J.: 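Below is a structure I'd like to ask you about.
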Amino acid sequence: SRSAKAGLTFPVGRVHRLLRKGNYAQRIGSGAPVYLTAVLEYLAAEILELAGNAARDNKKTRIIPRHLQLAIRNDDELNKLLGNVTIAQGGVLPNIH
Amino acid sequence: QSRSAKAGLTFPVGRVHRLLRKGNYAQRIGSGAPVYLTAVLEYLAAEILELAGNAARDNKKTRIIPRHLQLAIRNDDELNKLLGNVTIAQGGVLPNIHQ
Amino acid sequence: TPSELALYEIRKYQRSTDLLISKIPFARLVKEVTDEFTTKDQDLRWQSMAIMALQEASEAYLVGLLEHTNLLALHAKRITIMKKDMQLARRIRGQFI
Amino acid sequence: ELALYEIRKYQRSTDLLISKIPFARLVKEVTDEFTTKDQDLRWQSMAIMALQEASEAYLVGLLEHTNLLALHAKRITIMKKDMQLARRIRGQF
Amino acid sequence: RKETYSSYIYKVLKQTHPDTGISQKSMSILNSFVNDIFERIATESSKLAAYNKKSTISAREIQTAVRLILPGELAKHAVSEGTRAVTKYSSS
Amino acid sequence: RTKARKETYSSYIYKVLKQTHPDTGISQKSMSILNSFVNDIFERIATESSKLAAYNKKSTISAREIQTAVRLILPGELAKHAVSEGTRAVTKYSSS
Amino acid sequence: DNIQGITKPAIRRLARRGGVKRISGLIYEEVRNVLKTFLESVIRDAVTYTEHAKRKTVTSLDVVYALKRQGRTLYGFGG
Amino acid sequence: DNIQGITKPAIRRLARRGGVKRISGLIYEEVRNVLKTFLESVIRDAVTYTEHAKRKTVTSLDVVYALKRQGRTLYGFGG
DNA sequence: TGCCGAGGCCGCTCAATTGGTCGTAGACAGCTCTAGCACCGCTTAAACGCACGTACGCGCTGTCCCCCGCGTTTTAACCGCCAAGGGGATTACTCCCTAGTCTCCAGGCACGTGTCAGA
DNA sequence: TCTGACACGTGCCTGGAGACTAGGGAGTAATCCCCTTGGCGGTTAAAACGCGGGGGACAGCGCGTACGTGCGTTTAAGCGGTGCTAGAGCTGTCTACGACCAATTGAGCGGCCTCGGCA
């Protein structure tokens with residue numbers, strides 16, 4: 001496959017089709033789908049490692065939407081990227097002024 | 001003749017048609033889409049021009065400067081929230097003192 | 001102590017992730033606002049999952065606005081939020097006012 | 001009160017209020033910390049005018065919100081805690 | 001060559017009030033306005049065709065996008081201006 | 001009489017998880033949230049790459065366009081690590 | 001009288017999740033007015049998406065597109 | 001410093017345009033830090049646009065695209 | 001206590017791979033002249049600084065009122081179960097409408113020449 | 001009073017209009033079965049109601065520091081020239097790279113069971 005060729009897990013060939021049919025440009029370069037697939041897998045693996053720590057402190061085994069909210073609001077770079085987003089059944093951060 | 005005088009318009013219909021076909025919006029463009037979109041752009045342009053020219057004839061002026069456009073946008077309710085994130089160069093602010 | 005009761009209650013509801021408005025009365029208010037955007041004999045239905053998406057986003061908006069209202073009451077050196085704090089907050093963040 | 005005479009004055013004019021030569025020396029200094037030593041950049045003359053118009057429209061707007069927060073606390077003097085609270089409720093920059 | 005809307009804006013002003021003028025920086029501000037609203041409508045009609053899995057932008061799409069982007073009584077006067085123009089174009 | 005098939009990223013999000021920590025799980029409501037995250041970042045980078053090409057009068061989106069959009073969209077230290085993972089893939093891909 | 005189904009003890013629990021200690025009696029009617037305003041702005045845009053598709057039922061995707069239209073993205077109900 | 005060329009008399013005129021009557025002495029240094037953080041947010045994005053085009057001069061269009069990128073649209077400079 | 005929800009098997013099919021060909025978009029190198037950068041000297045608008053007076057911020061104390069807490073009564077939300085039926089969702093069938101392509105020529109832009117609206 | 005910017009006139013050329021051919025997207029039927037709406041009764045979680053008391057909001061107070069005004073000394077901004085050279089914008093060639101097509105077959109999905117972490 002084209003994902004094994006680049007050392008990746010996400011699908012390179014599916015991302016190539018979504019770029020060709022999304023009305024972005026007339027032509028798509030050969031390395032464009034490979035670059036964008038590696039950035040997507042890095043961001044997923046990163047948000048998934050922070051939400052696993054949150055669960056492994058409460059001695060929980062399965063990740064629930066509350067754990068995703070704590071990881072994002074507690075991180076400086078993720079909080080600014082996702083600053084206009086609402087997580088369903090997430091809650092708030094504990095805080096008493 | 002021109003596809004603008006057929007529709008009774010002044011803005012150019014055939015140029016808005018080309019800008020749609022070359023802007024990466026869809027694979028096909030309908031025949032009546034450029035006629036509808038040209039008519040909305042001329043209605044909106046002639047509404048600003050009327051409000052701004054009304055402000056300029058209060059000061060007994062004969063020419064529209066950027067200060068007159070700012071005064072007409074912030075005094076119209078609907079036109080103010082359409083352009084609520086926009087800065088006009090050399091416009092200024094509305095006179096306002098708080099009690 | 002009546003002051004440590006409100007502290008006990010701020011701790012309790014900042015840990016939960018539930019929806020705090022009842023479900024049957026909230027769904028009636030959404031179907032009444034809809035009748036004002038439709039004409040005669042053109043009524044619309046709602047999927048049960050669309051009413052739940054609209055309730056998760058309304059309470060996320062109300063909790064975020066009551067927290068900026070609390071910040072404006074501590075600026076005037078009170079602990080009681082007034083109607084005049086909520087008005088100034090809607091004006092500083094220019095979303096609806 | 002000539003404090004009211006000058007609010008009326010400066011709310012009627014439209015020209016820039018910072019001096020132009022010092023402002024361009026600060027824009028060329030901030031640029032030197034985003035580039036390497038080797039390849040330095042130049043600025044068009046109308047690109048500095050465009051950046052100064054947007055800078056003062058941002059500061060005038062933020063000082064209006066700061067003034068609203070001083071009257072909520074029964075004062076007429078703006079203070080440093082008024083400008084800090086106005087940026088939390090805005091959530092930008 | 002550089003294309004603007006300066007040619008037509010100046011014809012619309014002289015149809016109603018034929019003794020008013022306009023300055024060069026005012027005309028530059030009205031160019032930024034016309035193709036800012038063009039960008040907003042054409043970008044929303046593009047999402048409408050994809051959400052419904054169509055390949056075409058038609059007058060029906062242009063109409064639905066003007067209702068989303070323009071505020072209340074501004075949008076009602078524009079839906080009647082564009083409908084009147086398609087009825088007259090199609091009688092030719 | 002058959003149904004239409006829906007495409008997600010769930011097959012792959014679950015492999016990246018079982019890779020570092022094989023004993024942790026994930027719930028069906030958490031997997032739905034993570035699909036909206038991947039689809040949102042995809043569209044942000046693809047929409048910004050489409051303007052960069054039009055501002056320069058090109059008709060091609062290249063790996064050079066993807067890289068510039070990633071620097072405009074991601075903040076700070078997050079964008080420094082996303083440029084290293086992405087150039088190491090294009091180097092490894094085209095060495096075969 | 002459907003705005004009155006948003007009861008007073010349920011507005012107190014929303015203010016607790018925001019960190020509030022005391023509430024004024026004139027707050028409860030003001031909170032109801034802000035929810036009514038916010039609901040009309042979102043439902044108006046979601047019925048426009050429904051009638052473009054020529055449907056007679058508001059779906060879950062219509063609400064998600066109406067909220068993104070106003071800068072409030074929501075994850076967890078479809079994208 | 002170059003940030004010191006933004007003088008106190010000039011800051012005081014910008015506050016007269018905003019409607020302020022009286023100013024505490026610690027405001028002058030806090031306004032200089034707000035301007036420097038705003039300039040670094042925009043110039044960072046405008047140098048990225050310049051170098052993708054392989055130019056060595058910042059143009060008037062690079063500043064307009066960087067401002068629109070952050071929800072501050074400017075009319076009247078060729079946008 | 002079960003126990004509803006993760007989590008591994010499993011037929012079947014449509015979407016990813018591979019191998020060619022065709023024309024054009026992008027890379028590259030050279031050249032013309034605009035505009036950005038640095039200097040100089042004079043002129044004077046505006047920033048600087050330093051003593052003075054006073055209005056405003058701020059802390060302290062007092063009075064009422066209006067929020068909170070408790071306990072009884074009353075309302076209607078929540079749940080399980082039912083029947084009915086509108087309309088979402090898929091499927092064949094066709095014919096109209098748009099892209100693609102050439103021949104022709106007028107609308108719109110740039111270089112000039114004016115002379116009158118704003119200090 | 002003055003004159004610089006608005007407004008009016010040539011002079012060419014590129015982008016719009018006209019006529020056609022062709023093939024797939026869109027509009028229209030028809031069918032099936034999921035899921036929205038409405039009704040019923042139980043049972044009981046939770047809202048509604050009233051009373052009493054006491055803590056916090058709000059007004060008045062006096063003092064003292066720090067902001068604002070004026071006035072003269074001191075700095076560097078603004079305006080104008082002149083000279084220099086980097087690099088923006090244009091043009092003509094040429095070849096590598098991406099769209100297009102077709103014929104294969106394995107990845108990924110839907111429909112199942114099996115049963116075990118959270119309550």
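Residue numbers begin at 1 in each chain, while the letters A, B, ... track the order of the sequences.
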J.: Quick check on DNA chain J: between E:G21 and G:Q4, whose nearest nucleotide comes earlier from the 5' end?
T.: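 Counting from the 5' end, the first nearest nucleotide belongs to E:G21.
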J.: Consider only side-chain N and O atoms of B:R63 and E:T20, and report whether a donor and an acceptor are under 3.5 Å apart.
T.: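 B:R63 vs E:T20: no donor-acceptor pair found between side chains.
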J.: Is I:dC102 in the syn range, within 90° of 0, or in the anti range?
T.: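 Anti conformation here, the glycosidic angle of I:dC102 being more than 90° from 0.
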J.: Locate the shortest heavy-atom distance separating F:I66 from F:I61; write the atom from each residue and the value.
T.: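 Closest heavy-atom pair between F:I66 and F:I61: CD1-CG2, 4.2 Å.
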J.: Would you say a side-chain N or O of H:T7 is under 4.0 Å from OP1 or OP2 of I:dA46?
T.: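 No, because none of the side-chain N or O atoms of H:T7 sits under 4.0 Å from OP1 or OP2 of I:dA46.
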J.: Flag yes if more than 12 heavy atoms outside B:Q27 fall under 6.0 Å of its CD atom; otherwise flag no.
T.: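 Atom CD in B:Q27 is not packed in, count stays at 12 or less.
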J.: For a quick check, with a 4.0 angstrom heavy-atom cut-off, what is the B/S/- contact string for nucleotides 91-114 of chain J, read 5' to 3'?
T.: -------SS--------SBSS---
J.: Considering just the side-chain nitrogens and oxygens of D:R42, establish if one lies under 4.0 Å of OP1 or OP2 belonging to I:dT34.
T.: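 Checking D:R42 against I:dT34: no side-chain N or O falls below 4.0 Å of OP1 or OP2.
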J.: Spell out, as yes or no, whether a donor-acceptor pair under 3.5 Å connects the side chain of F:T60 to the backbone of A:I28.
T.: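 Answer holds: no.
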J.: To the nearest 0.5 angstrom, please state how far the OG1 atom of G:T7 sits from the CZ atom of G:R32.
T.: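 Going from OG1 on G:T7 over to CZ on G:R32, the span is 8.0 Å.
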J.: Counting only Watson-Crick or G-U wobble pairs whose two distances fall under 3.5 Å, which nucleotide matches J:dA5?
T.: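 Paired with no nucleotide.
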J.: Between J:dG4 and J:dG81, how far apart are the two P atoms, rounded to whole Å?
T.: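 Rounded to whole Å, the distance is 14 Å.
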J.: Is the closest side-chain donor-acceptor distance between H:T59 and H:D62 under 3.5 Å?
T.: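 Yes, side-chain donor-acceptor contact under 3.5 Å.
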J.: Does a nitrogen or oxygen in the side chain of B:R3 sit under 4.0 Å from OP1 or OP2 of I:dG107?
T.: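 No, no such contact exists.
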J.: Determine the contact category for D:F23: base if any of its heavy atoms lies under 4.0 Å from a base atom, sugar-phosphate if only primed atoms, P, OP1 or OP2 are that close, otherwise nothing.
T.: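 Contact class for D:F23: none.
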J.: Determine, for nucleotides 57-70 of chain I in 5'-to-3' order, which nucleotides have protein heavy atoms under 4.0 Å from the base (write B), from only the sugar-phosphate (write S), or from neither (write -).
T.: SS--------SSS-
J.: Taking only side-chain N and O atoms of D:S19, does any of them lie within less than 4.0 angstrom of OP1 or OP2 on J:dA77?
T.: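 Checking J:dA77 against D:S19, no side-chain N or O comes under 4.0 Å of OP1 or OP2.
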J.: Please name the nucleotide paired to I:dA84 by Watson-Crick or G-U wobble geometry with both distances under 3.5 Å, or report none.
T.: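 Answer to the pairing question: J:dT36, which forms a Watson-Crick or G-U pair with I:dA84.
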J.: Using Watson-Crick or G-U wobble geometry with both distances below 3.5 Å, tell me the partner of I:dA29, or none.
T.: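 Here I:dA29 is engaged in a pair, and the nucleotide opposite it is J:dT91.
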J.: At less than 4.0 Å, is any side-chain N or O atom of G:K56 found next to OP1 or OP2 of I:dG87? Yes or no.
T.: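 Indeed, a polar side-chain atom of G:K56 lies that close.
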J.: Measure from the side-chain N and O atoms of C:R45 to the backbone N and O of G:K56, and report whether any donor-acceptor pair falls under 3.5 Å.
T.: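 No.
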J.: Looking across every strand, which nucleic acid part, if any, lies under 4.0 Å from D:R25 by heavy atom: base, sugar-phosphate, or nothing?
T.: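 The residue D:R25 makes sugar-phosphate contact but no base contact.
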J.: When we call it a touch if two heavy atoms are under 4.0 Å apart, what does B:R63 touch: a base, just sugar-phosphate, or nothing?
T.: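 Sugar-phosphate, no base atom in range.
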J.: Closest nucleotide of DNA chain J for C:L44 versus for B:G14: which of these residues is on the 5' side?
T.: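 Going by which nucleotide is closer to the 5' end, it is B:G14.
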J.: When you measure from the side-chain N and O atoms of E:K54 to the phosphate of J:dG27, is any distance below 4.0 Å, counting only OP1 and OP2?
T.: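 Result: yes.
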J.: Do you know which two heavy atoms are closest between B:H68 and B:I64, and how far apart they sit?
T.: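 For B:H68 versus B:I64, the nearest heavy atoms are ND1-CA, 3.9 Å.
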J.: Expressed as a whole number of Å, how far does the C1' atom of I:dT17 sit from that of J:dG23?
T.: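 To the nearest whole Å, 28 Å.
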J.: Please report the interatomic distance CG(A:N23) to OH(B:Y25), rounded to the nearest 0.5 Å.
T.: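 If we round to the nearest 0.5 Å, A:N23:CG and B:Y25:OH are 11.0 Å apart.
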J.: Report the base-pairing partner of J:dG81 (Watson-Crick or G-U wobble, both distances below 3.5 angstrom), or none.
T.: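 Its partner is I:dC39.
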J.: Just checking G:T59: base, sugar-phosphate only, or nothing, at a heavy-atom cut-off of under 4.0 Å?
T.: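 Nothing, no heavy atom under 4.0 Å.
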J.: Going by purine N1 to pyrimidine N3 plus the second Watson-Crick contact, or the G-U wobble pair, all under 3.5 Å, which nucleotide sits opposite I:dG107?
T.: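 Check on I:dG107: unpaired, no WC or wobble geometry under 3.5 Å.
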J.: Nearest to the D:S45 side chain among J:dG78, J:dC6, I:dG36, which nucleotide is it?
T.: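 Nucleotide nearest to D:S45's side chain: I:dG36.
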